[PDB]
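A.B. asks: For reference, this is model_37.cif, and it has mmCIF, N, CA and C atoms.
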```cif
data_model
loop_
_atom_site.label_atom_id
_atom_site.label_comp_id
_atom_site.auth_asym_id
_atom_site.auth_seq_id
_atom_site.Cartn_x
_atom_site.Cartn_y
_atom_site.Cartn_z
N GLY A 1 0.83 -1.24 0.00
CA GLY A 1 0.00 0.00 0.00
C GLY A 1 0.84 1.26 0.00
N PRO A 2 1.21 1.78 -1.19
CA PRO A 2 2.02 3.00 -1.33
C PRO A 2 1.27 4.26 -0.90
N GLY A 3 2.02 5.35 -0.71
CA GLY A 3 1.43 6.61 -0.31
C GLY A 3 2.24 7.34 0.75
N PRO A 4 3.43 7.87 0.38
CA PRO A 4 4.31 8.59 1.31
C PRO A 4 3.92 10.05 1.48
N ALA A 5 4.38 10.65 2.57
CA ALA A 5 4.10 12.06 2.86
C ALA A 5 5.34 12.77 3.40
N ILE A 6 6.52 12.26 3.04
CA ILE A 6 7.79 12.83 3.48
C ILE A 6 8.82 12.87 2.34
N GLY A 7 8.99 11.73 1.65
CA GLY A 7 9.94 11.66 0.56
C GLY A 7 9.46 10.79 -0.58
N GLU A 8 9.90 11.11 -1.80
CA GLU A 8 9.52 10.35 -2.98
C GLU A 8 10.65 10.28 -4.00
N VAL A 9 10.90 9.09 -4.53
CA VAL A 9 11.95 8.88 -5.52
C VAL A 9 11.33 8.58 -6.89
N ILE A 10 11.96 9.08 -7.95
CA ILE A 10 11.45 8.89 -9.30
C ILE A 10 12.41 8.11 -10.19
N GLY A 11 11.87 7.58 -11.29
CA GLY A 11 12.67 6.82 -12.23
C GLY A 11 13.25 7.69 -13.33
N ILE A 12 13.61 7.10 -14.47
CA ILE A 12 14.17 7.89 -15.56
C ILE A 12 13.13 8.17 -16.65
N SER A 13 13.40 9.20 -17.44
CA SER A 13 12.50 9.61 -18.51
C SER A 13 12.64 8.73 -19.75
N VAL A 14 11.56 8.65 -20.53
CA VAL A 14 11.58 7.87 -21.77
C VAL A 14 12.51 8.54 -22.78
N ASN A 15 12.73 9.85 -22.59
CA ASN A 15 13.61 10.62 -23.45
C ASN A 15 14.99 9.96 -23.53
N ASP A 16 15.38 9.31 -22.43
CA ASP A 16 16.66 8.62 -22.34
C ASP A 16 16.77 7.56 -23.45
N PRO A 17 17.70 7.78 -24.41
CA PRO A 17 17.92 6.87 -25.55
C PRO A 17 18.31 5.44 -25.14
N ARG A 18 18.93 5.30 -23.97
CA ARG A 18 19.34 3.98 -23.49
C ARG A 18 18.14 3.23 -22.91
N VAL A 19 17.35 3.95 -22.13
CA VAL A 19 16.17 3.39 -21.48
C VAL A 19 15.11 2.98 -22.51
N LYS A 20 14.94 3.78 -23.55
CA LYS A 20 13.95 3.50 -24.60
C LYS A 20 14.35 2.29 -25.45
N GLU A 21 15.65 2.14 -25.74
CA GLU A 21 16.14 1.03 -26.54
C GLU A 21 16.15 -0.26 -25.73
N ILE A 22 16.49 -0.12 -24.45
CA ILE A 22 16.53 -1.26 -23.55
C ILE A 22 15.12 -1.72 -23.16
N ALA A 23 14.19 -0.76 -23.03
CA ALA A 23 12.79 -1.07 -22.70
C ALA A 23 12.13 -1.83 -23.84
N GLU A 24 12.19 -1.23 -25.03
CA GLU A 24 11.64 -1.83 -26.23
C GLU A 24 12.20 -3.24 -26.42
N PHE A 25 13.51 -3.38 -26.23
CA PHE A 25 14.16 -4.68 -26.35
C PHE A 25 13.57 -5.67 -25.35
N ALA A 26 13.21 -5.17 -24.17
CA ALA A 26 12.62 -6.02 -23.13
C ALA A 26 11.35 -6.69 -23.64
N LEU A 27 10.47 -5.90 -24.26
CA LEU A 27 9.21 -6.43 -24.79
C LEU A 27 9.44 -7.40 -25.96
N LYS A 28 10.34 -7.04 -26.88
CA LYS A 28 10.63 -7.88 -28.05
C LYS A 28 11.39 -9.17 -27.69
N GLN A 29 12.02 -9.22 -26.51
CA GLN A 29 12.76 -10.42 -26.11
C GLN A 29 11.85 -11.43 -25.42
N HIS A 30 10.92 -10.93 -24.59
CA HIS A 30 9.98 -11.79 -23.88
C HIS A 30 8.62 -11.76 -24.54
N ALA A 31 8.11 -12.94 -24.88
CA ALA A 31 6.82 -13.06 -25.54
C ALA A 31 6.33 -14.51 -25.54
N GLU A 32 6.46 -15.17 -24.39
CA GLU A 32 6.04 -16.57 -24.25
C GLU A 32 4.53 -16.71 -24.43
N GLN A 33 3.77 -15.73 -23.93
CA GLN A 33 2.31 -15.74 -24.05
C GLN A 33 1.81 -14.71 -25.06
N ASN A 34 2.72 -14.16 -25.88
CA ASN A 34 2.37 -13.18 -26.91
C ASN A 34 1.54 -12.02 -26.33
N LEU A 35 2.23 -11.04 -25.75
CA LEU A 35 1.56 -9.87 -25.18
C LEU A 35 2.03 -8.60 -25.88
N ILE A 36 1.29 -7.51 -25.68
CA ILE A 36 1.62 -6.25 -26.35
C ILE A 36 1.82 -5.11 -25.36
N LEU A 37 2.99 -4.47 -25.44
CA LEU A 37 3.30 -3.34 -24.57
C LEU A 37 2.87 -2.03 -25.21
N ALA A 38 1.91 -1.36 -24.58
CA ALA A 38 1.40 -0.09 -25.08
C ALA A 38 2.46 1.00 -25.03
N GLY A 39 3.40 0.90 -24.09
CA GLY A 39 4.45 1.90 -23.99
C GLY A 39 5.19 1.88 -22.66
N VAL A 40 6.24 2.70 -22.57
CA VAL A 40 7.06 2.80 -21.36
C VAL A 40 6.39 3.72 -20.33
N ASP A 41 6.32 3.26 -19.08
CA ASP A 41 5.70 4.04 -18.01
C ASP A 41 6.75 4.63 -17.07
N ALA A 42 7.50 3.76 -16.39
CA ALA A 42 8.54 4.18 -15.46
C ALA A 42 9.80 3.35 -15.63
N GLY A 43 10.92 3.83 -15.10
CA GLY A 43 12.17 3.09 -15.24
C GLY A 43 13.16 3.33 -14.12
N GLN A 44 14.14 2.43 -14.03
CA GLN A 44 15.19 2.48 -13.02
C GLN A 44 16.48 1.86 -13.56
N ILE A 45 17.63 2.35 -13.11
CA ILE A 45 18.91 1.81 -13.57
C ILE A 45 19.86 1.57 -12.40
N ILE A 46 20.43 0.36 -12.34
CA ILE A 46 21.36 0.00 -11.27
C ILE A 46 22.78 -0.07 -11.82
N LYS A 47 23.64 0.83 -11.34
CA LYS A 47 25.03 0.89 -11.79
C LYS A 47 26.02 1.11 -10.64
N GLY A 48 27.26 0.67 -10.88
CA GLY A 48 28.35 0.85 -9.93
C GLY A 48 29.57 1.35 -10.68
N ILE A 49 30.14 0.47 -11.49
CA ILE A 49 31.27 0.80 -12.36
C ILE A 49 30.81 0.51 -13.79
N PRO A 50 30.58 1.55 -14.61
CA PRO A 50 30.05 1.37 -15.95
C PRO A 50 31.08 1.08 -17.04
N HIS A 51 30.91 -0.09 -17.64
CA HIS A 51 31.71 -0.54 -18.77
C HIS A 51 30.75 -0.79 -19.94
N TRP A 52 29.59 -0.12 -19.86
CA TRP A 52 28.51 -0.23 -20.83
C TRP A 52 27.76 -1.55 -20.70
N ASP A 53 27.73 -2.07 -19.47
CA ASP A 53 27.01 -3.30 -19.14
C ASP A 53 25.97 -3.01 -18.04
N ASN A 54 25.51 -1.76 -17.99
CA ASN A 54 24.56 -1.28 -16.98
C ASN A 54 23.33 -2.17 -16.85
N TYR A 55 22.78 -2.22 -15.63
CA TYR A 55 21.59 -3.02 -15.35
C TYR A 55 20.35 -2.13 -15.37
N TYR A 56 19.31 -2.58 -16.07
CA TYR A 56 18.08 -1.81 -16.18
C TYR A 56 16.88 -2.53 -15.56
N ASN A 57 15.99 -1.74 -14.95
CA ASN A 57 14.78 -2.25 -14.31
C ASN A 57 13.66 -1.24 -14.53
N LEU A 58 12.59 -1.63 -15.23
CA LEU A 58 11.51 -0.68 -15.51
C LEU A 58 10.11 -1.30 -15.48
N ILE A 59 9.12 -0.41 -15.40
CA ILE A 59 7.70 -0.79 -15.40
C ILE A 59 7.02 -0.15 -16.61
N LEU A 60 6.26 -0.93 -17.37
CA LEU A 60 5.58 -0.40 -18.55
C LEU A 60 4.13 -0.89 -18.63
N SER A 61 3.36 -0.28 -19.54
CA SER A 61 1.96 -0.65 -19.74
C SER A 61 1.83 -1.59 -20.93
N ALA A 62 1.04 -2.66 -20.77
CA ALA A 62 0.86 -3.65 -21.83
C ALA A 62 -0.48 -4.38 -21.72
N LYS A 63 -1.08 -4.67 -22.88
CA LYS A 63 -2.35 -5.38 -22.95
C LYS A 63 -2.34 -6.38 -24.11
N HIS A 64 -3.30 -7.31 -24.09
CA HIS A 64 -3.40 -8.33 -25.13
C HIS A 64 -4.44 -7.98 -26.19
N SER A 65 -5.21 -6.91 -25.97
CA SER A 65 -6.25 -6.50 -26.93
C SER A 65 -6.56 -5.00 -26.82
N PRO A 66 -6.94 -4.38 -27.95
CA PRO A 66 -7.28 -2.95 -28.00
C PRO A 66 -8.55 -2.63 -27.21
N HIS A 67 -9.44 -3.61 -27.10
CA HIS A 67 -10.69 -3.45 -26.37
C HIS A 67 -10.54 -3.81 -24.89
N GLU A 68 -9.29 -3.94 -24.41
CA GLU A 68 -9.05 -4.29 -23.02
C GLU A 68 -8.09 -3.33 -22.33
N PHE A 69 -8.05 -3.44 -21.00
CA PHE A 69 -7.21 -2.59 -20.16
C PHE A 69 -5.72 -2.87 -20.31
N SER A 70 -4.92 -1.89 -19.89
CA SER A 70 -3.47 -1.99 -19.90
C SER A 70 -2.98 -2.10 -18.46
N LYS A 71 -2.12 -3.08 -18.19
CA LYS A 71 -1.62 -3.29 -16.84
C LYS A 71 -0.13 -2.99 -16.74
N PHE A 72 0.38 -2.95 -15.51
CA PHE A 72 1.78 -2.67 -15.26
C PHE A 72 2.60 -3.96 -15.25
N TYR A 73 3.84 -3.88 -15.73
CA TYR A 73 4.72 -5.03 -15.77
C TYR A 73 6.15 -4.61 -15.41
N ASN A 74 6.80 -5.42 -14.58
CA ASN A 74 8.17 -5.15 -14.14
C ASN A 74 9.14 -6.14 -14.78
N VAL A 75 10.03 -5.61 -15.61
CA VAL A 75 11.02 -6.43 -16.30
C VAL A 75 12.44 -6.00 -15.98
N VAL A 76 13.34 -6.98 -15.90
CA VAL A 76 14.75 -6.74 -15.63
C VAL A 76 15.53 -6.90 -16.93
N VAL A 77 16.32 -5.89 -17.29
CA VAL A 77 17.09 -5.93 -18.53
C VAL A 77 18.58 -5.68 -18.30
N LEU A 78 19.40 -6.32 -19.12
CA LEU A 78 20.84 -6.18 -19.05
C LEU A 78 21.39 -5.65 -20.37
N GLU A 79 22.20 -4.60 -20.29
CA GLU A 79 22.81 -4.01 -21.48
C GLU A 79 24.20 -4.62 -21.72
N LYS A 80 24.50 -4.98 -22.97
CA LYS A 80 25.79 -5.58 -23.29
C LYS A 80 26.50 -4.83 -24.42
N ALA A 81 27.77 -4.52 -24.20
CA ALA A 81 28.58 -3.83 -25.20
C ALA A 81 29.26 -4.85 -26.12
N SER A 82 29.68 -5.98 -25.55
CA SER A 82 30.34 -7.04 -26.31
C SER A 82 29.45 -7.53 -27.46
N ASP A 83 28.15 -7.68 -27.20
CA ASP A 83 27.21 -8.12 -28.22
C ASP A 83 26.67 -6.93 -29.03
N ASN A 84 26.94 -5.71 -28.54
CA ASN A 84 26.49 -4.49 -29.21
C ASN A 84 24.97 -4.45 -29.30
N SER A 85 24.30 -4.77 -28.19
CA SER A 85 22.84 -4.77 -28.15
C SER A 85 22.32 -4.84 -26.71
N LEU A 86 21.02 -5.07 -26.57
CA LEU A 86 20.38 -5.18 -25.26
C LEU A 86 20.05 -6.63 -24.94
N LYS A 87 19.64 -6.89 -23.69
CA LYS A 87 19.28 -8.23 -23.27
C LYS A 87 18.17 -8.20 -22.22
N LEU A 88 17.27 -9.17 -22.30
CA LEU A 88 16.16 -9.26 -21.35
C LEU A 88 16.45 -10.32 -20.29
N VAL A 89 16.57 -9.89 -19.04
CA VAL A 89 16.85 -10.79 -17.94
C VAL A 89 15.62 -11.62 -17.57
N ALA A 90 14.49 -10.93 -17.33
CA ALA A 90 13.25 -11.62 -16.97
C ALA A 90 12.03 -10.70 -17.12
N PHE A 91 10.86 -11.32 -17.29
CA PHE A 91 9.61 -10.57 -17.45
C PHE A 91 8.61 -10.96 -16.34
N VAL A 92 8.13 -9.95 -15.61
CA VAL A 92 7.19 -10.19 -14.51
C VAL A 92 5.99 -9.23 -14.57
N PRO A 93 4.77 -9.75 -14.31
CA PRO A 93 3.55 -8.94 -14.32
C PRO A 93 3.36 -8.15 -13.02
N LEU A 94 2.94 -6.89 -13.15
CA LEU A 94 2.73 -6.03 -11.98
C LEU A 94 1.23 -5.78 -11.73
N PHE A 95 0.41 -6.82 -11.90
CA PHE A 95 -1.03 -6.69 -11.69
C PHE A 95 -1.64 -7.99 -11.15
#
```
As C-alpha cells, what does this structure read like?

C.D. replies:
Amino acid sequence: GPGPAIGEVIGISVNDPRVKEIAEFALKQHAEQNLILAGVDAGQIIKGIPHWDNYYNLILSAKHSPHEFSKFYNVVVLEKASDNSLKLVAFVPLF
C-alpha cells in the first residue's frame, strides 16, 4: 500500500535513448504468451562501475487487446557492449 508524505523517488524519462532502446528490447525479447506493450511508463537503472554493461529495471503498460485494459509489468534488462545490443533478464507482471 504505497502513499508517502515525506519523501519520494522517481525513475528515468523515456527521453533517455538507453532506457527507450533497452525497454523496447525487453518487450521484443519476452513473448512466451504473446503480449503487447502499449508503452514505457517508469524506469530504473542500477550501476556501480560502468563498462557499458549497466543493469536496467523498468515498469511499462501492456495489454493483449485494443478493447481491453493496460496493466503494469516489471522487467529486468541487461545491457551488453560485447554483443552491441540489449538483453532481457526476466519478465514479470505487476497486476

A.B. asks: Could you give me, as a PyMOL selection string, the residues within 8 Å of range 22-31 of chain A, counting all atoms listed in the file and dropping anything in the same chain fewer than 3 positions from it?

C.D. replies: chain A and resi 16-19+34-37+39-40+56+58+75-79+85-91

A.B. asks: Give the strand (DSSP E or B) residues of chain A, as assigned by DSSP on the backbone, as a ChimeraX atom specification.

C.D. replies: /A:36-46,55-63,71-80,85-93

A.B. asks: Going by DSSP on the backbone, which residues of chain A come out as alpha helix (DSSP H)? List them as a list in words.

C.D. replies: residues 17, 18, 19, 20, 21, 22, 23, 24, 25, 26, 27, 28 and 29 of chain A

A.B. asks: Store the residues picked out above in a file with N, CA and C atoms, as a PDB file, in the frame of the given file.

C.D. replies:
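again.pdb written:
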```pdb
ATOM      1  N   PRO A  17      17.700   7.780 -24.410  1.00  0.00           N
ATOM      2  CA  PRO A  17      17.920   6.870 -25.550  1.00  0.00           C
ATOM      3  C   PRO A  17      18.310   5.440 -25.140  1.00  0.00           C
ATOM      4  N   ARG A  18      18.930   5.300 -23.970  1.00  0.00           N
ATOM      5  CA  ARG A  18      19.340   3.980 -23.490  1.00  0.00           C
ATOM      6  C   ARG A  18      18.140   3.230 -22.910  1.00  0.00           C
ATOM      7  N   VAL A  19      17.350   3.950 -22.130  1.00  0.00           N
ATOM      8  CA  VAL A  19      16.170   3.390 -21.480  1.00  0.00           C
ATOM      9  C   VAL A  19      15.110   2.980 -22.510  1.00  0.00           C
ATOM     10  N   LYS A  20      14.940   3.780 -23.550  1.00  0.00           N
ATOM     11  CA  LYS A  20      13.950   3.500 -24.600  1.00  0.00           C
ATOM     12  C   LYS A  20      14.350   2.290 -25.450  1.00  0.00           C
ATOM     13  N   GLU A  21      15.650   2.140 -25.740  1.00  0.00           N
ATOM     14  CA  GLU A  21      16.140   1.030 -26.540  1.00  0.00           C
ATOM     15  C   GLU A  21      16.150  -0.260 -25.730  1.00  0.00           C
ATOM     16  N   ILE A  22      16.490  -0.120 -24.450  1.00  0.00           N
ATOM     17  CA  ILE A  22      16.530  -1.260 -23.550  1.00  0.00           C
ATOM     18  C   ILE A  22      15.120  -1.720 -23.160  1.00  0.00           C
ATOM     19  N   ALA A  23      14.190  -0.760 -23.030  1.00  0.00           N
ATOM     20  CA  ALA A  23      12.790  -1.070 -22.700  1.00  0.00           C
ATOM     21  C   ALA A  23      12.130  -1.830 -23.840  1.00  0.00           C
ATOM     22  N   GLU A  24      12.190  -1.230 -25.030  1.00  0.00           N
ATOM     23  CA  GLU A  24      11.640  -1.830 -26.230  1.00  0.00           C
ATOM     24  C   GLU A  24      12.200  -3.240 -26.420  1.00  0.00           C
ATOM     25  N   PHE A  25      13.510  -3.380 -26.230  1.00  0.00           N
ATOM     26  CA  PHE A  25      14.160  -4.680 -26.350  1.00  0.00           C
ATOM     27  C   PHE A  25      13.570  -5.670 -25.350  1.00  0.00           C
ATOM     28  N   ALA A  26      13.210  -5.170 -24.170  1.00  0.00           N
ATOM     29  CA  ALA A  26      12.620  -6.020 -23.130  1.00  0.00           C
ATOM     30  C   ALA A  26      11.350  -6.690 -23.640  1.00  0.00           C
ATOM     31  N   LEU A  27      10.470  -5.900 -24.260  1.00  0.00           N
ATOM     32  CA  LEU A  27       9.210  -6.430 -24.790  1.00  0.00           C
ATOM     33  C   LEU A  27       9.440  -7.400 -25.960  1.00  0.00           C
ATOM     34  N   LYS A  28      10.340  -7.040 -26.880  1.00  0.00           N
ATOM     35  CA  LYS A  28      10.630  -7.880 -28.050  1.00  0.00           C
ATOM     36  C   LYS A  28      11.390  -9.170 -27.690  1.00  0.00           C
ATOM     37  N   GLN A  29      12.020  -9.220 -26.510  1.00  0.00           N
ATOM     38  CA  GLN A  29      12.760 -10.420 -26.110  1.00  0.00           C
ATOM     39  C   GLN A  29      11.850 -11.430 -25.420  1.00  0.00           C
TER      40      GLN A  29
END
```

A.B. asks: Using the chain letters and numbering of this document, enumerate as a list in words the residues selected by the PyMOL selection byres ((chain A and resi 44) around 8).

C.D. replies: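 Evaluating the PyMOL selection byres ((chain A and resi 44) around 8) on these coordinates yields residues 10, 11, 12, 13, 19, 42, 43, 45, 46, 47, 55, 56, 57, 58 and 59 of chain A.
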
A.B. asks: Grab the CA of residue 80 in chain A to atom C of residue 60 in chain A distance for me, in Å with one decimal place.

C.D. replies: 22.6 Å

A.B. asks: For a cut-off of 10 Å around (-2.6, -9.1, -21.9), file coordinates, pick out all residues using only C-alpha atoms and list them as a list in words.

C.D. replies: residues 33, 34, 35, 36, 37, 61, 62, 63, 64, 65, 66, 68, 69, 70, 71 and 93 of chain A

A.B. asks: Could you please determine the separation between atom N of residue 49 in chain A and atom N of residue 73 in chain A in Å, to one decimal place?

C.D. replies: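 Between these atoms lies a distance of 27.0 Å.
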
A.B. asks: Please compute the atom C of residue 53 in chain A-atom N of residue 81 in chain A distance, one decimal, in Å.

C.D. replies: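 Between atom C of residue 53 in chain A and atom N of residue 81 in chain A the gap is 6.6 Å.
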
A.B. asks: Enclose range 42-56 of chain A, meaning all of its atoms listed in the file, in a box aligned along x, y and z, pad it by 8 Å on each side, and list the centre and edge lengths in Å to one decimal, as AutoDock Vina command-line options.

C.D. replies:
```
--center_x 19.6 --center_y 0.4 --center_z -15.4 --size_x 40.2 --size_y 23.5 --size_z 26.9
```

A.B. asks: Between A:67, A:95, A:82, A:72, which is the closest to residue 52 in chain A once you count only N, CA and C atoms?

C.D. replies: A:82
